Participant: 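Before anything else, here's the structure in question.
Within every chain, numbering begins at 1; the chains are lettered A, B, ... in the order of the sequence lines, protein sequences first and strands thereafter.
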Amino acid sequence: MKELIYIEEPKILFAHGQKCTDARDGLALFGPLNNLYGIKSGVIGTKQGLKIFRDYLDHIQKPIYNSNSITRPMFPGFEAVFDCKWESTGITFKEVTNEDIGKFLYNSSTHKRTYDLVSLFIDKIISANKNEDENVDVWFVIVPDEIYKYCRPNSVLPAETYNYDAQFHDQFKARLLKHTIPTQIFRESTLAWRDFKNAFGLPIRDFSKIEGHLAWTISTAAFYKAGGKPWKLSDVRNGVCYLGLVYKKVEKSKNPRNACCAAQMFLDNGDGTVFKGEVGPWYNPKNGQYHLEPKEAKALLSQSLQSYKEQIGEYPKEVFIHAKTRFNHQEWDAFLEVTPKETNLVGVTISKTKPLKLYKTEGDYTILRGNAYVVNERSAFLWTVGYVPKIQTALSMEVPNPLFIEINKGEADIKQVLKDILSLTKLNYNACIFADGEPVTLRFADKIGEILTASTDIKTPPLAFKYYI
RNA sequence: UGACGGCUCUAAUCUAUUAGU
DNA sequence: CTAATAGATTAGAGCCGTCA
Ligand SMILES: [Mg+2]
């Protein structure tokens, strides 16, 4: 017989200085942190896409209701929540004719057709940003569904074009990094989900009972990409810098090699949260070696410490390096010789590989979300997915898998590590959910690494997330 | 790519030992 | 260097479900 400890919910902060565990209820009752005046939208696409986008904007102005209110809270309309204006009147439209899309998607080569389509879509945006006077906050791209199915890694149709990955989204986001334009990509079937059907008279994707969830998610993404702040973490310890490292293989560049990208989070003076990336891949020619050479790791730590010191004035007292791999002595000894003496380096490995499952005896639901099984002083299991009493349901299906936390380097208290990891799961601005399954320091550093490796080398890429997600 | 979760098919790398070079 | 047996790790792709 073993013992399980339970970890309390972290709580997040909204307007008026109010707290709550659910983002939706906090946004509905108190509203966002900062105050935008309005969002001016630029749309690029066909006439069908423009009509669909205008219809969705008109649709999401009124209150929207879900089938089960307890599980998913209602959507009370955009302006009731966000206290700003985003209507179908600040739209500036740049038409893309259907002939171009038809004729470019004919070469039968994925690389050439993807490059041509991306260039066609981005040249108009570049021109409208350079040679025009109108102001656009977030650009909205509305791609037809018939090009989405063909621009994928493994896709077959039923000149510096080979240096890029054959995916529309990654290349599109990468090639606009040097102009710093926020963008949101939509599929025609995502907004006009009724009109696209199958052999039966039903939509392929049925949003009849989860329409409020889609409205919440789209509104939150559009409000974040316009330079807004919808919530923040209530309790973050001072003097603690959280880092996150992810390795992505740079496919098809003269050899099989792989890079590394990071993310960082801390609390700055003024009770603000600085959640921002750490960019510029650090490589190593070895194939399958998910590690860093000393020269490439000293630079990474120096960069992170310099950033924190520049924003704060003093070095961090504690630095936690979360990762999904295991460090070695060769690279960890590269650490600790650029780190000062008044700073604690803790390297924590997070994985979801070990197959443990817990079942309730004489019941029908799953285990709580706070439960943790402490194996040792350097090892534990934490359930980040499970039954949440507030929404009266679980965050997954079947029986969820635990997250295996293992203190790899340094010394730390495993309970505090679990508390910080659980608190790091409430900052998913790409989503409007109760909580996420893994820390976002490992997810946003993965999105940035996925975008950065689908283009040629670009000097000093932006750090802000709004240009990536 | 509006999110998230759960599965499946695949490919490397390392360590140990053996063997033709 | 090449070719097999294992254990213990890693990163990629692709498909399905979300309510009652
Ligand atoms: Mg997004």
Participant: Rounded to whole angstrom, note down the P distance from C:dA20 over to B:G2.
Facilitator: 24 Å

Participant: Compare side-chain N and O positions of A:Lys324 against OP1 and OP2 of C:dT9 and report whether any pair is under 4.0 Å apart.
Facilitator: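 Looking at the OP1 and OP2 atoms of C:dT9, neither is under 4.0 Å from any side-chain N or O of A:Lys324.
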
Participant: Looking at every strand, decide which applies to A:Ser396 at a 4.0 Å heavy-atom threshold: base, sugar-phosphate, or nothing.
Facilitator: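 Sugar-phosphate: the residue A:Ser396, judged by heavy atoms under 4.0 Å, touches backbone atoms but no base.
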
Participant: Looking only at side-chain atoms of A:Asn430, point me to the closest of C:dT10, B:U1, C:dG12.
Facilitator: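 For A:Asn430, the side-chain atoms sit closest to B:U1.
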
Participant: Report yes if a side-chain nitrogen or oxygen of A:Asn428 is closer than 4.0 Å to either non-bridging phosphate oxygen (OP1 or OP2) of B:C4; otherwise report no.
Facilitator: yes

Participant: Give me the distance, rounded to whole Å, that separates B:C7 from C:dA8 when you measure between the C1' atoms they each carry.
Facilitator: 22 Å

Participant: From C-beta outward on A:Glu398, which listed nucleotide comes closest to its side chain: C:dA20, B:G5, B:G6?
Facilitator: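 Given the options C:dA20, B:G5, B:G6, the side chain of A:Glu398 is closest to B:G6.
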
Participant: Out of A:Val43, A:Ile185, A:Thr183, which one pairs with A:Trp139 under the side chain to side chain contact (heavy atoms under 4.5 Å, CB included) rule?
Facilitator: A:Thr183

Participant: Please confirm whether the shortest side-chain N or O distance from A:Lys286 to OP1 or OP2 of B:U13 is below 4.0 Å.
Facilitator: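 Checking A:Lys286 against B:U13: no side-chain N or O falls below 4.0 Å of OP1 or OP2.
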
Participant: If you check every side-chain atom of A:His169, which of B:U1, C:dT10, B:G2 has the closest atom?
Facilitator: B:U1

Participant: Where the side chain of A:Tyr290 is concerned, which of B:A3, C:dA11, C:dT9 is the nearest nucleotide?
Facilitator: C:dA11

Participant: Contact class for A:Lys209 vs. all strands (heavy atom < 4.0 Å): base, sugar-phosphate, or nothing?
Facilitator: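 Base contact.
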
Participant: If we take the P atom in both C:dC1 and B:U13, what is their distance in whole Å?
Facilitator: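 These two P atoms come out 14 Å apart once rounded.
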
Participant: Given the rule that positive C1'-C2'-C3'-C4' is north and negative is south, which one is C:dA11?
Facilitator: south

Participant: Under 4.0 Å, counting only non-hydrogen atoms across every strand here, what does A:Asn401 touch: a base, just sugar-phosphate, or nothing?
Facilitator: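 Result for A:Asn401 = sugar-phosphate.
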
Participant: Would you kindly say whether A:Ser88 and A:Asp58 are connected by a side-chain donor-acceptor distance under 3.5 Å?
Facilitator: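 Yes, a side-chain donor-acceptor pair sits under 3.5 Å.
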
Participant: Phosphate oxygens OP1/OP2 of B:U1: is one of them under 4.0 Å from a side-chain N or O of A:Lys173?
Facilitator: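 It does, given that an N or O in the side chain of A:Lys173 lies less than 4.0 Å from OP1 or OP2 of B:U1.
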
Participant: Would you tell me if any nitrogen or oxygen in the side chain of A:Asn68 comes within less than 4.0 Å of OP1 or OP2 on C:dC19?
Facilitator: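 It does not, given that no N or O in the side chain of A:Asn68 lies less than 4.0 Å from OP1 or OP2 of C:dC19.
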
Participant: When rounded to the nearest Å, what value does the distance between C1' atoms of B:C14 and C:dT10 take?
Facilitator: 10 Å

Participant: Look at the side chain of A:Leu214 and decide which nucleotide, out of B:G2, B:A3, C:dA13, has an atom nearest to it.
Facilitator: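 From the listed options, B:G2 comes nearest.
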
Participant: Checking ring-ring contact (aromatic ring centres under 6.0 Å, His included) against A:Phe444, which of A:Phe465, A:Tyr429, A:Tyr468 comes through?
Facilitator: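 Checked A:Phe465, A:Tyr429, A:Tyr468 against A:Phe444; only one passes ring-ring contact (aromatic ring centres under 6.0 Å, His included): A:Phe465.
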
Participant: Please check the phosphate of C:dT10 (OP1 and OP2 only) for any side-chain N or O of A:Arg326 closer than 4.0 Å.
Facilitator: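 The answer is yes; a side-chain N or O of A:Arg326 sits under 4.0 Å from OP1 or OP2.
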
Participant: Side chain of A:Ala431 only, please: which of C:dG12, C:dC19, B:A3 is the nearest?
Facilitator: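 Closest nucleotide among those given: B:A3.
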
Participant: Check the phosphate of B:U1 against A:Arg152, side-chain N and O only, distance under 4.0 Å to OP1 or OP2. Yes or no?
Facilitator: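 Looking at the OP1 and OP2 atoms of B:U1, neither is under 4.0 Å from any side-chain N or O of A:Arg152.
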
Participant: Taking only the P atom of each, what is the distance from C:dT9 to B:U10 in whole angstrom?
Facilitator: 23 Å

Participant: Between A:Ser67 and C:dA20, is there a contact of a side-chain N or O with OP1 or OP2 at under 4.0 Å?
Facilitator: yes

Participant: Does OP1 or OP2 of B:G2 have a side-chain N or O of A:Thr190 closer than 4.0 Å?
Facilitator: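 Checking B:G2 against A:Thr190, a side-chain N or O does come within under 4.0 Å of OP1 or OP2.
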
Participant: Just compare B:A12, C:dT10, C:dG14 and give me whichever is closest to any side-chain atom of A:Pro153.
Facilitator: C:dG14

Participant: Got a salt bridge between A:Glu211 and A:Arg194, using NZ or NE/NH1/NH2 to carboxylate O under 4.0 Å?
Facilitator: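 The answer is yes: the pair qualifies as a salt bridge.
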
Participant: Return the nearest nucleotide to the side chain of A:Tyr148; candidates are C:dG17, B:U1, B:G2.
Facilitator: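 Side chain of A:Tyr148 sits closest to B:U1.
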
Participant: Tell me which nucleotide among C:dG17, C:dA13, B:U13 gets nearest to the side chain of A:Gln289.
Facilitator: B:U13

Participant: Decide, yes or no, whether a salt bridge links A:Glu438 with A:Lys324 under the criterion of side-chain N to carboxylate O below 4.0 Å.
Facilitator: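 A:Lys324 and A:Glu438: not salt-bridged.
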
Participant: Below 4.0 angstrom from OP1 or OP2 of C:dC19, is there any side-chain N or O of A:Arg72?
Facilitator: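 Yes, because at least one side-chain N or O of A:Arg72 sits under 4.0 Å from OP1 or OP2 of C:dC19.
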
